[PDB]
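S.K.: For reference, the structure I am asking about is given below.
Ideal geometry is used to build each Cβ from the backbone, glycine not excepted, and the neighbour counts take in all protein chains shown. What follows draws every value from the coordinates through simple rules; no lab data is involved.
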Amino acid sequence: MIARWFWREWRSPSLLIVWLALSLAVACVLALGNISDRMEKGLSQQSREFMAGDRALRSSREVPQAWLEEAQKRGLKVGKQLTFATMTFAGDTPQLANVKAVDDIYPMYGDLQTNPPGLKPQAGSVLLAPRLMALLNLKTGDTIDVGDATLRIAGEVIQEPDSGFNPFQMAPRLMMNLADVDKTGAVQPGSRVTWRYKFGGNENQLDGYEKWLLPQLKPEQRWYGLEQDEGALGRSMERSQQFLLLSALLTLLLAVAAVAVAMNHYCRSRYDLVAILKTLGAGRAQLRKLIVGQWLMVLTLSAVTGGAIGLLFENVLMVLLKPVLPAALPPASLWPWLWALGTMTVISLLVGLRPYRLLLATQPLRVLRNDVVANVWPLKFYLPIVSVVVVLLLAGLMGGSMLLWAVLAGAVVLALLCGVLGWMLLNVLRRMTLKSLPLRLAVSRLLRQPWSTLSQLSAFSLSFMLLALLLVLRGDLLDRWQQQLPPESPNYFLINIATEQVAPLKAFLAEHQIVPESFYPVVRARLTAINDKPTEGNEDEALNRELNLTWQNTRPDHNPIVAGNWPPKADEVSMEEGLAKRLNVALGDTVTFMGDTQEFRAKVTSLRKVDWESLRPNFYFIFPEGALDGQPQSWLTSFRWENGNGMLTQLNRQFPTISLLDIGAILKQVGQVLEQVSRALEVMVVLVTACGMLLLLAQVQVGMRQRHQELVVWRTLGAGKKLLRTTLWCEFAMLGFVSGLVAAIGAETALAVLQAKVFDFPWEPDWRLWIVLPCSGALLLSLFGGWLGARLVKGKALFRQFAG
Amino acid sequence: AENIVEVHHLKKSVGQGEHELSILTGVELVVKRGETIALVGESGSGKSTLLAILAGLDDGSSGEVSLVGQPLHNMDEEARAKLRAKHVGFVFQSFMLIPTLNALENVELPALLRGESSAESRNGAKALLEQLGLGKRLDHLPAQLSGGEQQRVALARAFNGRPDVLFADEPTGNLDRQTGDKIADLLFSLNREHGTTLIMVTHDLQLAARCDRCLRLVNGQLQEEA
Amino acid sequence: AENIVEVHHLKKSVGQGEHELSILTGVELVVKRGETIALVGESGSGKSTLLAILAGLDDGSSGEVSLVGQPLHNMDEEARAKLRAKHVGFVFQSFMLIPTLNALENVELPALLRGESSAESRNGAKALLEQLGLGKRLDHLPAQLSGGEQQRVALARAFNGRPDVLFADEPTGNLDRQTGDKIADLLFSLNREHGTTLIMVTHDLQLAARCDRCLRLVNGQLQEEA
Ligand SMILES: Nc1ncnc2c1ncn2[C@@H]1O[C@H](COP(=O)(O)OP(=O)(O)NP(=O)(O)O)[C@@H](O)[C@H]1O
Ligand SMILES: Nc1ncnc2c1ncn2[C@@H]1O[C@H](COP(=O)(O)OP(=O)(O)NP(=O)(O)O)[C@@H](O)[C@H]1O
Ligand SMILES: [Mg+2]
Ligand SMILES: [Mg+2]
């Protein structure tokens, strides 16, 4: 009897739409979370291929062996890289060279491009960059004097995964083994030996070891990851990762909104039934049993079908995604299941708790006659408490990331603006007179029930804001990535260029059908002090390195300028904003630089937001033109070539002093990473927008189900199809237009905070969004409403369906 | 035309398979302009079903139904809805009042559908409702009212329709002798003035006696009583 | 309890601010056990409101209600529900039926709420329903019935519990003469053979006359009439 009753209820339109909406929300969250987690894990695995290590530890001196012994006990793979640059002698030809001592583990991941291939640093053997023995006039299989050792030339070093770009290079690379450090006889406890430690293993082992090692550190050793040597390519990966998390969060938020409204409607549908049960003497025990049994059965069925649908979606999508993926992604973690079931349960309980207690403490006749229900838990106190609980739970789930806080700030501004604008709109419309009949009907319907209208409007605004925020963020990220790697780019660099040699090469570049590029003149030095305080002692990478300076007459085109004014005058130099922040310096600070016994002083007058991602060289300091003539003015240029190399030989004969660097390997490396990240963003955006559209359809269907009785009465009276379709069009168009207008402000605020705090991109108020979001939202809502109303009005004996 | 309603061999059954049940087993009925026909019968004889099928709210199993010279079995839903809006007024058993809007909007509805100005329709509905004896419950919701008030609201809506043909299901179901008498006087005055044909399914013997013709529904058949 | 129902200067008003509206203005009523009293009055006189008050389904502004000798006002909702289950059967004016339960289960529901057996309550409900001549619509949903059938279903649901006191609102409102007489006979037989006090609100003159006392409700005051 009870089973047949439950099944009959489950076939009623109201319960049916509630179940469908809940199941769709669960499928939404589960599938999106699973896809996001698997794809991010695949991205991390891909990133492991260019680092030879999952995590990196950096220090200027040897760490105690106890930590590495613990890591080995912790079942972790450890590699070591402890080297710097020093002098070498190819007989009697001194030459600076950057050596690199690595253990047999390295390369732990990836591949070591060598000529001939398949060579590793062994005792008594060294591998050298082609420029190195091109200048040293030695060949493979010969012997080279390094420090106080004579080691055989095993082969060349075409490329290594942990190379970076380093446009301001000085000396080539010399691969060599960790065990032969002492035999060099040239290593000194002076300059940093660039102590780097690579750790690899499962996520749990790495996390536990990191937590174990966190208190055992000093402010000279940094634990990090996705930060390659030299070039900061991995930063892009990091950005992508954040985006993925954001996407998941967005879906979650969307789901919550739908569930809320759906469940609210469901609760209302039960009102009269509870009254009847209270009339028949149903005690508290039996009433609780029946009502919460129906609620729990609905929740369980919705969860089950949602899980099944989400799993089916995930499997079919990953099958259909075989060409895009480079390899099968690892299985997802379990946290999406929590992220779905827990949110649906908690939102359901939060929405349904108040009506349950309210009904349990009100005489049935008051409920039936729509009279004054018991004044318990007023909305003015219930709503803030619910919002606080929800946001606290969201903080717990997310982990206190700035993404959640930015989203919440946007949502709060959106809600406040929504209330104000709704009140103003009601006041305006109460005094407004129209002429079109469908418009009059829509306006009257919107005005008659203000609070329900406001709830619907707020939900739609939230959905539109989330979608628009995601779309704009995707556009900005794609534009930034496209700008980072132009389709054509100089694949060759020229360094160690004398000033008087600038004119010849240019002509040669003009001669050999090559477009010349910028000619940044570089001077290497070290800052002596800031505000007369000797900087020796502060832990900054800038202090223990040869800083590079340049002088530009005009504004740097590709380098944006944010703070200060351009150009800096005498004894004033534009500086990078990030370096100023990490160095805690202000404008006009007395900074003196020591180089070639020509220590010159300058001030600070402008800060430029410099992105360390483009292949174009970037300088922390841009001195005024002709300010450091005493220092040796080196020159550096770049050009792109794609066919043959004989002209390269001609240039080498022409200027054997000038060094030539190829970066085709680096371009190949970055291209795959960029392509994979872009595919990730495209797929995530498509999935989220489609499923958000589905949730919007669900919300609109529920909203129309609310107005079912009025529509049925209208049809019975004899309203034509055209009139009903037009009225629904107009009503939902106004609703969507206002909702999108509010969502524009909300999305702008959240996006501004997110860019200023997470993705470090400049924020510009885009009126194009202001004009696109409201119109598009109104059109979408009108389309959905018209279609669903046309579907509903069709049929016969509609008057009989009024009772349902 | 003079033949307002023509019904030939009307048959209607409901249910599916074992649940199939026959209600109308061959019905014939011809009415002229301005006539007043009261319909009586035992409970569950199908009177409401016959009334619904007469007004084109649904479709019979088989037969010929013509209203104002239009064969109701030969147009789609839209033409039927247009005809209903043009000519017919209806009063149901449960009155299907919209619980969201107050009484005034419920009475206002048909005038807005016709296409009058909002103020004109508002004052007209107000005058009609005051005429029906409900001038003190204008803003009440349908739940707030009582059975008699809800019935009078439905009657007010039908009257505001100002129809050529008026169908009623128990106009005086929830009314005493006094309010029932006033309602009957209202209906018959309307018939005398506007010449509106009146079909009503009633249980009161007085109202049937006042009516021009009395038809009893037995075994899905029509029998003249007087 | 010699007097099942005791009312002492009970007043009740609805609405707030200018929208306030008084209905009951002090009522004194004592209902000896086993008596039959019929309430009459014009529409909008508050009869349904008073009847709802007497069963504890609502609370008035002030007064004393002593249903079966209990201080209803000094009694929470749960005890009220328990008392109603034990001793009170109620009938609505709109039949307030659950639209997703067929007639048999709808009648059976009070027994299940009281925790009675499925089989015995089932056969008892079957006997009650066939007693009302609804034996051919046992599995029908409420949307499949007419006004008379729905009213008879509500009456059967009231009769199922065999309560000490039975409240009825227009028991024969939507029924013909013969069916109304049959229903009245069943009610009076129940009272005679079970000593069940019953309070009806109806516009039927014959049904009221058959009752022991007839009280007219005027201006929130009860006066004996017939
Ligand atoms: N949807 C349905 N499915 C099956 N049977 C139905 C359905 N609707 C109505 N019936 C049956 O048909 C009968 C006639 O219904 P209805 O047309 O309301 O009769 P009526 O003469 O109006 N009865 P009343 O208003 O109580 O005097 C009902 O009493 C049921 O027995
Ligand atoms: N919830 C309410 N809010 C405001 N006014 C109400 C409410 N309920 C009832 N009323 C008013 O009180 C009057 C009495 O209600 P009710 O108790 O249904 O009267 P009644 O005598 O039962 N009418 P009827 O059923 O037509 O014979 C109504 O007609 C309304 O004017
Ligand atoms: Mg009927
Ligand atoms: Mg009443």
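S.K.: Spin-label point model (7 Å from Cα, Cβ direction): what's the A:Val319 to C:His194 distance in nm?
M.R.: 6.3
S.K.: Here's a follow-up. What angle do you read, to the nearest 10 degrees and between 0 and 90, between the alpha-carbon axis of helix B:177-194 and the longest principal axis of chain B?
M.R.: Once rounded, the angle reads 80 degrees.
S.K.: Quick one: net charge of B:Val201's neighbours, Cβ under 13 Å, K/R +1, D/E -1?
M.R.: Details: positive: B:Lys47, B:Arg216; negative: B:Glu42, B:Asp169, B:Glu170, B:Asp204, C:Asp176.
Result for the neighbourhood of B:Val201: -3.
S.K.: Around A:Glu572, under 11 Å between beta carbons, what's the net of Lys plus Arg minus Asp minus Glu among the other residues?
M.R.: Numbers: positive: A:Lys569, A:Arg601, A:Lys603; negative: A:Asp571, A:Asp589.
Surrounding charge for A:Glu572 is +1.
S.K.: Okay, moving on. State the extension gain, in nm to one decimal, for the chain segment bounded by A:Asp596 and A:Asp182, taking 0.36 nm per residue of separation less the distance between their alpha-carbons. Walk me through the numbers on the way to the answer.
M.R.: On the way: separation 414, 0.36 × 414 = 149.04 nm, distance 3.16 nm.
Here the segment from A:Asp596 to A:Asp182 would lengthen by 145.9 nm.
S.K.: Taking only C-alpha pairs under 8 Å that are 6+ residues apart, what is the relative contact order of chain C in percent? Could you put the intermediate results ahead of the total?
M.R.: Numbers: 384 pairs, mean separation 64.6, N = 226.
The value is 29 percent.
S.K.: Where the centre of each part is set by its Cα atoms, how far does segment A:25-73 sit from segment C:28-70, in angstrom?
M.R.: First find each Cα centre; the distance between them is then 76 Å.
S.K.: Anyone know which of C:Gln16, C:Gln150, C:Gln206 comes out most mobile in the 10 Å Cα GNM of chain C?
M.R.: Highest fluctuation of the listed residues: C:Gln16.
S.K.: Give the residue list of trypsin sites (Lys or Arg not before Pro) in segment A:406-471 that are DSSP loop and have at most 14 other beta-carbon atoms within 10 angstrom. Mind dumping the intermediate values first?
M.R.: Numbers: sites: A:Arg430, A:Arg431, A:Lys435, A:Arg440, A:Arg445, A:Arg448; in loops: A:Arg430, A:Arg431, A:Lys435.
Listed in order of number, the matching sites are A:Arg430, A:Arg431, A:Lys435.
S.K.: In percent, how large is the relative contact order of segment A:1-133, given Cα pairs closer than 8 Å and 6 or more residues apart?
M.R.: 18
S.K.: Rounded to the nearest 0.05, what FRET efficiency is calculated for C:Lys82 and A:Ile2 with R0 set to 30 Å and r the Cβ-Cβ distance? Walk me through the numbers on the way to the answer.
M.R.: Numbers: r = 22 Å, r/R0 = 0.74.
Efficiency at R0 = 30 Å is approximately 0.85.
S.K.: Report the gain in length on full extension from A:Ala797 to A:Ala498: 0.36 nm times residue separation, minus Cα-Cα distance, nm rounded to one decimal. Walk me through the numbers before you get to the answer.
M.R.: Numbers: separation 299, 0.36 × 299 = 107.64 nm, distance 9.32 nm.
Using 0.36 nm per residue and subtracting the Cα-Cα distance, I get 98.3 nm.
S.K.: Normalised by the residues of chain A, what does the relative contact order come to in percent, with Cα pairs under 8 Å and at least six apart? Write out the running numbers ahead of the final one.
M.R.: Details: 1108 pairs, mean separation 126.6, N = 804.
Once normalised by length, the contact order is 16 percent.
S.K.: Take every DSSP beta bridge with both residues inside segment B:5-224 and express the antiparallel ones as a percent of the total, to the nearest 5. Intermediate results must be reported in sequence, preceding the final value.
M.R.: Values: 18 of 36 bridges.
Restricted to segment B:5-224, the bridges split so that about 50 percent are antiparallel.
S.K.: Count, for each residue of C:193-204, the Cβ atoms from other chains sitting within 10 Å of its Cβ, then give me the mean as a whole number. Intermediate values should be presented prior to the final figure.
M.R.: Working: counts 0, 0, 0, 0, 0, 0, 0, 0, 0, 0, 9, 0.
Averaged over the peptide's residues, the number is 1.
S.K.: Another question, if that's okay. For segment A:529-586, which GluC sites (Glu not before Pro) are both in a DSSP coil and crowded by at most 14 other Cβ atoms within 10 Å?
M.R.: Working: sites: A:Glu536, A:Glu539, A:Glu541, A:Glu546, A:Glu572, A:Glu576, A:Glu577; in loops: A:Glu539, A:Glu541, A:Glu546.
Here the sparse-neighbourhood loop sites are A:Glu539, A:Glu541, A:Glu546.
S.K.: Right, next: For each of A:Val373, A:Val413, count neighbouring Cβ atoms within 10 Å of the residue's Cβ, then give the residues from fewest to most. Show your work: numbers first, answer last.
M.R.: Values: A:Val373 15, A:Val413 18.
Listed from fewest to most nearby Cβ atoms, that is A:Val373, A:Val413.
S.K.: Where the Cα atoms of segment A:54-235 are projected onto their three principal axes, how long is each span, largest first, in whole Å?
M.R.: Sorted largest first, the three principal extents are 51, 31, 31 Å.
S.K.: In a Gaussian network model over chain B where Cα atoms closer than 10 Å are linked, find which of B:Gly195, B:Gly17, B:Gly41 has the largest mean-square fluctuation.
M.R.: It is B:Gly17.
S.K.: Also: What is the fewest-to-most order of A:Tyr356, A:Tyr520 by other Cβ atoms lying within 10 Å of their Cβ?
M.R.: Details: A:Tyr356 18, A:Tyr520 22.
Fewest-to-most ranking of A:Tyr356, A:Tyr520: A:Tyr356, A:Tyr520.
S.K.: With a Förster radius of 51 Å, plug the Cβ-Cβ distance of B:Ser62 and C:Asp181 into 1/(1 + (r/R0)^6) and report the FRET value to the nearest 0.05. Mind showing how you got there, number by number?
M.R.: Numbers: r = 37 Å, r/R0 = 0.73.
Between B:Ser62 and C:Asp181 the formula returns 0.85.
S.K.: Another one. With 32 Å as the limit, write out which pairs from A:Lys721/B:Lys11; A:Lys722/B:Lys136; A:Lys80/A:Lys668 have Cα-Cα distances beyond it, or answer none.
M.R.: Numbers: A:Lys721/B:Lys11 29 Å; A:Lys722/B:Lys136 37 Å; A:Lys80/A:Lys668 26 Å.
A:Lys722/B:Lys136, as the Cα separations exceed 32 Å there.
S.K.: Could you check the simple spin-label distance between A:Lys569 and A:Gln45, using points 7 Å along Cα→Cβ, in nm with one decimal?
M.R.: 6.1
S.K.: Given a Förster radius of 30 Å and the C-beta distance between A:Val391 and A:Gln242 as r, what FRET efficiency does 1/(1 + (r/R0)^6) yield to the nearest 0.05? Each step should come with its number before you reach the end.
M.R.: Details: r = 20 Å, r/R0 = 0.67.
Calculated value: 0.90.
S.K.: Given the Cα-Cα distance of A:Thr689 and A:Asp103 and 0.36 nm per residue of separation, how much length would full extension add, in nm?
M.R.: Details: separation 586, 0.36 × 586 = 210.96 nm, distance 4.85 nm.
Residue separation times 0.36 nm, minus the Cα-Cα distance, leaves 206.1 nm.
S.K.: On a 0 to 90 degree scale, rounded to 10, what angle separates helix A:284-320 from the longest Cα axis of chain A?
M.R.: Compared with the principal axis, the helix lies near 40 degrees.
S.K.: Continuing with the same structure: Quick check for you: which residues of segment C:142-180 have the amide N under 17 Å from the point 7 Å beyond the Cα of B:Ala209 toward its beta carbon?
M.R.: It comes to C:177-178, nothing else.
S.K.: Using a 10 Å cut-off around each Cβ, can you sort A:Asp629, B:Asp164 from fewest to most neighbouring Cβ atoms?
M.R.: Details: A:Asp629 10, B:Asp164 17.
Going from least to most buried by this count: A:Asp629, B:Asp164.
S.K.: Counting only other chains, what is the mean number of Cβ atoms within 10 angstrom of the Cβ of each residue in peptide B:89-97? Mind showing how you got there, number by number?
M.R.: Details: counts 1, 4, 0, 3, 4, 7, 0, 7, 3.
Counting Cβ atoms of other protein chains within 10 Å of each residue's Cβ and averaging gives 3.
S.K.: In Å, the Kirkwood hydrodynamic radius of chain C over pairs of distinct alpha carbons?
M.R.: Details: mean 1/r = 0.0548 Å⁻¹.
Result for chain C, one decimal place: 18.2 Å.
S.K.: So which trypsin sites (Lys or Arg not before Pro) in segment A:61-165 pass both tests, a DSSP loop state and at most 13 other Cβ atoms within 10 Å of the Cβ? Please report the intermediate quantities before stating the final value.
M.R.: Working: sites: A:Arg61, A:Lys73, A:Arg74, A:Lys77, A:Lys80, A:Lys100, A:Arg131, A:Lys139, A:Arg152; in loops: A:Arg61, A:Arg74, A:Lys139.
Passing both the DSSP loop test and the Cβ count: A:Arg61, A:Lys139.
S.K.: Roughly how tilted is helix C:118-131, in degrees to the nearest 10 and between 0 and 90, from the longest Cα axis of chain C?
M.R.: It works out to around 80 degrees.
S.K.: May I pose another question? Take the Cα gyration tensor of chain A, multiply each eigenvalue by 5, square-root it, and list the three semi-axes largest first, rounded to whole angstrom.
M.R.: Values: eigenvalues 846, 181, 119 Å².
Over the Cα atoms of chain A, the ellipsoid semi-axes are 65, 30, 24 Å.
S.K.: If you count the DSSP beta bridges with both ends in the protein assembly as shown, what percent of them are antiparallel, to the nearest 5?
M.R.: 65
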